[PDB]
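Before anything else, here's the structure in question.
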Amino acid sequence: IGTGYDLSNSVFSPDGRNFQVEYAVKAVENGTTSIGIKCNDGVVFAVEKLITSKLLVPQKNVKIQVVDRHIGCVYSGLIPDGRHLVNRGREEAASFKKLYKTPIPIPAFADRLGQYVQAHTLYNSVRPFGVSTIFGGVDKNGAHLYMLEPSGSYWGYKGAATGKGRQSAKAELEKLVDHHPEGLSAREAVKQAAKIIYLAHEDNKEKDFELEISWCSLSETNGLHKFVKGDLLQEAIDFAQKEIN
Amino acid sequence: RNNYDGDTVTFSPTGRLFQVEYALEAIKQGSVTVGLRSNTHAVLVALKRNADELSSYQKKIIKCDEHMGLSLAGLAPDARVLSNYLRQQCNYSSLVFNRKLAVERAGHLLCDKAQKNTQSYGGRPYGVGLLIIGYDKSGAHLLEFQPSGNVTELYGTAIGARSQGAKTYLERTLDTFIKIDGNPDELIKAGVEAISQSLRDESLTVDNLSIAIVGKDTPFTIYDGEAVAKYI
Amino acid sequence: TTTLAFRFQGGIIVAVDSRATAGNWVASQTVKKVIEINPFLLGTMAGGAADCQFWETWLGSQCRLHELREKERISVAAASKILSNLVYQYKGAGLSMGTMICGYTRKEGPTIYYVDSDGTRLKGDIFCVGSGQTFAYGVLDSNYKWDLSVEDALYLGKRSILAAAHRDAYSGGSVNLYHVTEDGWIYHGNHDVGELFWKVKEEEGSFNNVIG
Amino acid sequence: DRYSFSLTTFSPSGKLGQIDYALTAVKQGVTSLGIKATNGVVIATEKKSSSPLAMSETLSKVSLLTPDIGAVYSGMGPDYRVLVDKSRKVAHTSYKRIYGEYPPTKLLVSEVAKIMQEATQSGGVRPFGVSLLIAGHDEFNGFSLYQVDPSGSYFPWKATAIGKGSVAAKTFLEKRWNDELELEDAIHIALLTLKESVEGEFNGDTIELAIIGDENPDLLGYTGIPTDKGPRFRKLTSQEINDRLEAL
Amino acid sequence: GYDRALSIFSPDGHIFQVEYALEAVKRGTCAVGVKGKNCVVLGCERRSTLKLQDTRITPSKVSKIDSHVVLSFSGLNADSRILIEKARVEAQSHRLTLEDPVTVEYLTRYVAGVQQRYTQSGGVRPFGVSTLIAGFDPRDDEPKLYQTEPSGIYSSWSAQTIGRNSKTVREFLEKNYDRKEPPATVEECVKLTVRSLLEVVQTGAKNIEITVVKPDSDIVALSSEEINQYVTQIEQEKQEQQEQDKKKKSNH
Amino acid sequence: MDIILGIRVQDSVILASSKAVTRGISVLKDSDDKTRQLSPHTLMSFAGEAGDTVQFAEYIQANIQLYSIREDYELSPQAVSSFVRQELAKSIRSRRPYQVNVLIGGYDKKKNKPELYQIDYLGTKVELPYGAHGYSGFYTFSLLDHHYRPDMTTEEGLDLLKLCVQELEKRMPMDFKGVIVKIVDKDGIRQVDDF
Amino acid sequence: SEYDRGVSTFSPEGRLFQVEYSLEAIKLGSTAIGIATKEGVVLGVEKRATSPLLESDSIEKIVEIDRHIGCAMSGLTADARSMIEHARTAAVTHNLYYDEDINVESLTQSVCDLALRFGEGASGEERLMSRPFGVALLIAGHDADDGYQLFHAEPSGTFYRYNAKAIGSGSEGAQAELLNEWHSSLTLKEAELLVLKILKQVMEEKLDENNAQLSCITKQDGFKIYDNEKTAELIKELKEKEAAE
Amino acid sequence: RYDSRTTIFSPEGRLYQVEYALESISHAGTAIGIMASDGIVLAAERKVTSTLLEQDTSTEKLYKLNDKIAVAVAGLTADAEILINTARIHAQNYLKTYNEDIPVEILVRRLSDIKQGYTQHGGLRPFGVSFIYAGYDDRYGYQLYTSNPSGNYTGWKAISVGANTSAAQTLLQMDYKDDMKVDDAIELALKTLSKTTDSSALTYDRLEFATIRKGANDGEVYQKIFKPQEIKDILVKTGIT
């Protein structure tokens, strides 16, 4: 290409895009599949953490990380780079709690995270972010699901998807609008999340995966986010394997 | 193009940076270490290097704490800035909270610190891998820290020159050393076998071995000379 | 505290007490009140105990740094003047200083400077510093001779501690003698005031109030 | 080439490329002009609507820096607005505590100049896109007119012009200028000169013309003081311009 | 290249900024230092072109650093200005803190320190000036002569030429100079310094500046009459020697 | 305690300063230098507040020496006296003071007249040929000027000064341990013994 | 290209070329040799002479860093000036804090910690010194807790302990010769004549003391820099010994 | 090329940047200050002109920095403004501090350090300006210096800068009478100004002039920038008008 236009983030192309921001989106694509599914009483987050060798320890490396005790966030792309947006995110979260003596509303968080990505494109001495971030929880207004782009664009979603196997996920999410125009209830959506990631793992097939599911649900996790583990997760695993077959 | 071979603030068409990629190279030219762990112990075995036979060999084990410690493979200048930082955090946790810093928790602080230099246009980015051991409330853990900042919890891993044979020792014997607990002797012997294969066109010597061990019963101690000519 | 010092032809005699007093209680009866700045320079500890100790060793860091940088032995004048600058900055912080820097070098003869925490550098030949510096002046000034022998110069500083110790309320302990030659301070031993007082009472015919 | 990829180095024939481009940026603007007389000063400009629907009546391109001193520009539109902002602030500071009433014309020009100069000084800064005209009236040097260049130099003038039609306006002003003109006479020169530039749209709706003459206690907002001096600056309305525009 | 900043060396170990600084020295006026045993005579070329150009108010090429240490210089004259004031403020400040006379060995070391600090940094460039700094202290009757370099190197030389066409003067100086007995005569030290500077001026003794430093804080600037007296005596001996050499030829 | 005296004669300025320094109830030495030469033909006698005299004297001496050396010709007593005064005037408006009164007695070569200035601790430069500060000026404003003959010489001024000193010891409970008299002339500065 | 311009750009080795070039600066510098024995460490140096006017005995190249610490050096004196002034402060500050000798190993750490600055800022290290250091030092002293220790402070990496190490132009040939001639049976006197034996071989000038300077670290003696007469004597014993064998 | 920052050096051991500032002078007006024992004249030439240019009630290349010292300008005018203001501020510091007027040698010396400072430090331009300083101090009397764009000063009895310096200089040193007079300075300056300038009839509205005198209204120095009609009188004597 040349003539600027990607060589810095300040400079703009005559087309209406920035080709340096396009290679950041390519980095989200390369990362491991994450989905989030909005519900009429919660949110479910799932992630594919692939297993490359059996030298890893199972259920110990994940892309699910919590913010407060009731906002779940999960990231795809460059792994330490998604961690960092959560680490600053966590700092932003705390400030709001101290000052207003209230838990953060999810759309409030939504404004604040995307201001960090945007600051990293106003300066040619700051590399943008290259991570999408699926997020949401339960608050004052009930459950909300969002996703944020490494452009610094964000919008609300009923079903969201990102990563390498996102081509399958997107399709299963659509089947769901039709199947349930409530976007599915939060209990049955933990099982729906597992089945989705399995069709997505057909696009990564040459390797094994580890599935982590978490949730936050109004009255089936009690307004709080907690990790789906135990006999819960194994039921989710059994449903997925059955219906894929 | 490779207009990106200079910019660390500007994405390469693949979605990487070349600088982060070259940093993996640095590890390859770097000196070999093999990690491994069990529930009640963790061991680092590292190769000392020399430039001649009037050299008294490079420390590859730095004591970070009396219960945590690290080894290196790659750039020694970059290894120094991060070692400083790392001791400052473990002492902080013992000062304010009378607390041991978890292996996993330490690693997340180091992560932000790698990516800060990636975000910036100022100072060198990192180019050393650290194999980290500790023993906290959650038993012994083994992290592989990368100069990207990616931190990976394994049962055994290796970085440095010709490190692909250490992964092959560890894969085969993965389960042997999960079953051994309470025997520091066994875990030490397993790294030594490991790093013979890793190396090619070299042999181990007494004073090339530096084995660093911490567990639940074993204090943080470094064995040299006659304390490592028992496992060669 | 009674510390005193005086130049003579054969060098500088620095005689000190050992008594530390805090309140109407005695804090210690052993404390050397000479700080050894380097093997050519002696300073003294009177005023604040803490101040004199830290800043004189710090003074020692400057002395050592000077020899390393230029490879010339520091002047007596160079050291005092530098402690004059240093104490002024920390003026208004409750600082204290009541130190005499003494040394005798081949380029300046015997020299003694008084340093005070108010930024004062005072030239003299005879100085006394402390609470009981006054008693130290009375005896010492009147028996002062520039032409004086080492054995006798020693005797004179000793006796300045003994009369000063006796009539003051904050002094005594023991008598620590140092003589600075061109080759630095030489220790001349520790003489307890208690026993010492009695042999000197007889010899001189002085201190006519007690008979033992 | 490199003498305006950098601001450090100069052309060997003098001056940065940036300054010569900053003048090109002036001419890409509307046309503005000023004529000094001995009982007045007229300042006149055109305003491109640049849409049938654009309202240029709502923002005029003749703006009081202080009540006795107005200014125009020729050159970039965004660059003018911040520059005007800084004119109002510095003026109070610099002389409305030294003299307790608004500055001399002369003084404010030397201030403005330093700001233009500082953006010609170093790399990673660009010149301003305009050359301004500052006209005003004080009692210490009388009526004055000036042109303030984005190079960081300023020149006083009797009449001058700048903008797209500058080169045509300048020869015109030479011919019609006399030793004594009236304020009315200078308004009658000012309309003709600017009309050479744009014709087929000339009316006082699209052409803004205004004067610096004598006080207006009517734009002062108070009366009853024997020493009061109201705004030397005065705006003619659309209707008043038409009365002069007929008079040609 | 490796000439883009001071944060890059060339693979020889050189930094081209410093190497072009050494060529800079050669641009401006020449300086000669020549030690005796009770003196150091520090002499320098004074540049004059036009009659208009004064030698009253015009900037001297010898600057008094203190009352016992002097500095003459070679390089860019504009560059050397910042260097001249700095060295004098430091000179006084030594005496403020310590209360001691200005040590020569300290003085060069600090002054070359100013130059070094810029070289160490990349955001600022050092001066292209090399100096001669000659002096005595009241505690020494053994003379010291120092040099600085635009890198941040300090050196000691018995005798030295730097600046405009140093090279030819440099070999002349070697032969005459003895380290056995450096010129014990004060007048002969000045005379040698006049012969050395004679080579580079072409014709001149209003363009020769001689200044003399002796112990215990005695500094002099030598009037124009005295510089002209040397030339008459020095031409008489050079010519005389030359006539004689041609007589040795006649004899055989 | 701590006096400084000044007389301007028509060819010299004669400054005197006490040899006595008292901190506590103790006279520390009967020989103390309490006057410093700013340059070789301008002399500052100084007296004032505890240990400020020492810090301030060396600070002022160093600055005048720098400017004399910088210009390459010693500054006038007129340049010198504003500068010292201006340091003091800043200090009382700063967060750290110096309250040191001083006299500048220079021989001005620039116009060939001796010059005695009186500079206050407050920081007030006024020219007076009989100036004096602290508790001295309470006795010698009147003694100098009674006997003062409108033309003066070095000889005349010294006997009158000695006399002044002889009054001070008598009517103050003080001891100055004599005074050193340093004479400022066109041949530089010299020490001459007196009562 | 964009690899030798910048301190924040690595190349395909995963290294800086800023760091590389500074090694070649030391090789420019004059030959300096240090040889450890258990009797004291002996620090020898080379100086050069190209003029009869150059006084080389009136400026230093072996320097005292404390009262039992000495250093030899090679490379630029500019880079050396910063390094030794620094190293003077570290030992001095130690005596302040503890009132004990500085240990040999810890002095080495401080010198390599300065060395690290090549750029402008970094997180965990403020950088104010904007180039590589084109100087190394051999650092020799005595602690009591080991013995006599001899180290090479590297400006380009971390520090390597040696038992004998040569630096400078003639470093290459000296290193081979020390392997075959450093032994633990060799007394204080032998240590001196060994350094001069290697020293001449790679000198392009005759063995004389106006181009040489030995020193020793004997704790008993303090750090002693030698006289000229002692060295002159020893050139003569060296030649008489080798004349006969 | 060397052009990027002023932190570099060309192979002459100078900088190309300094050469570029040099050349800036030789496209501006011509400037001449001739010193005499009886007064110093400063003269500058205008580098723009029109008949609708105000230049009869103003000057632009002539500033008094204190009532005893004056300067002339040659170079770009945009560069000039900043450094004039700083010299004048430095003068009033001198006046405030020492209770007297600054020496000529320092005032110039400061200004010279400041120009060099922008070369020395940063990637910030050198300022391509040459100023002629004509001053008085009661230490070396009248003093004429000029300041280089490189930032050094050299004393004088006459100097020319600006355009065609070489041409001007030869002409000035030829007709320099050794005692000199302020009246002859004034006379010489017009003659020399004429031949460099590209007009054949030099005129007063094309002239800036200041003469400095202590030789009439003694014991005090009075510096006078001439008014246009007076400039006309001196032109009539040189026979130009």
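Per-chain residue numbering starts at 1, and chain names A, B, C, D, E, F, G and H are given in the order in which the chains are listed.
One rule holds for everything that comes next: a contact is a pair of C-beta atoms (placed from the backbone, for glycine too) under 8 Å apart; a residue touches a chain by one contact, two chains touch by 3 or more.
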item: Chain labels contacting chain E and also chain H; value: F
item: Between D-H and F-H, the pair joined by more C-beta contacts; value: D-H
item: Between chain D and chain E, centroid-to-centroid distance (C-alpha), Å; value: 59
item: Interchain centroid distance [CA atoms averaged], chain C/chain E, Å; value: 49
item: Mean-CA-position distance for chain G and chain E (Å); value: 32
item: Chain centre separation (chain A, chain G; CA means) in Å; value: 57
item: Interface hub residues of chain D, defined as touching at least two other chains; value: none
item: For chain G, residues contacting two or more additional chains; value: 5, 7, 118-120
item: Where chain F touches two or more other chains at once, by residue number; value: none
item: Every chain pair meeting the contact rule; value: A-B, B-G, C-E, C-F, C-G, D-H, E-F, E-G, E-H, F-H
item: Residues on chain D engaged by chain H in the complex (per definition of touch); value: 2, 6-15, 19, 110, 113-114, 117, 120-123, 144-145, 149, 151-153, 155-160, 170, 173-174, 177
item: Complex contact set, residues of chain B against chain A; value: 3, 8-17, 108, 111-112, 114-115, 118-122, 146, 148-157, 167, 170-171, 174
item: Footprint of chain C on chain E - complex, ascending; value: 97-100, 103, 105-106, 139
item: Residue ranges of chain H in contact with chain D within the complex; value: 1, 3-6, 16-17, 20-21, 23-24, 27-28, 48, 50-54, 57-58, 60, 76-82, 85, 122-125, 128
item: Sites on chain G touched by chain E in the complex; value: 4-5, 7, 18, 21-22, 24-29, 51-55, 58-59, 75-79, 81-82, 118-120, 128-132, 134
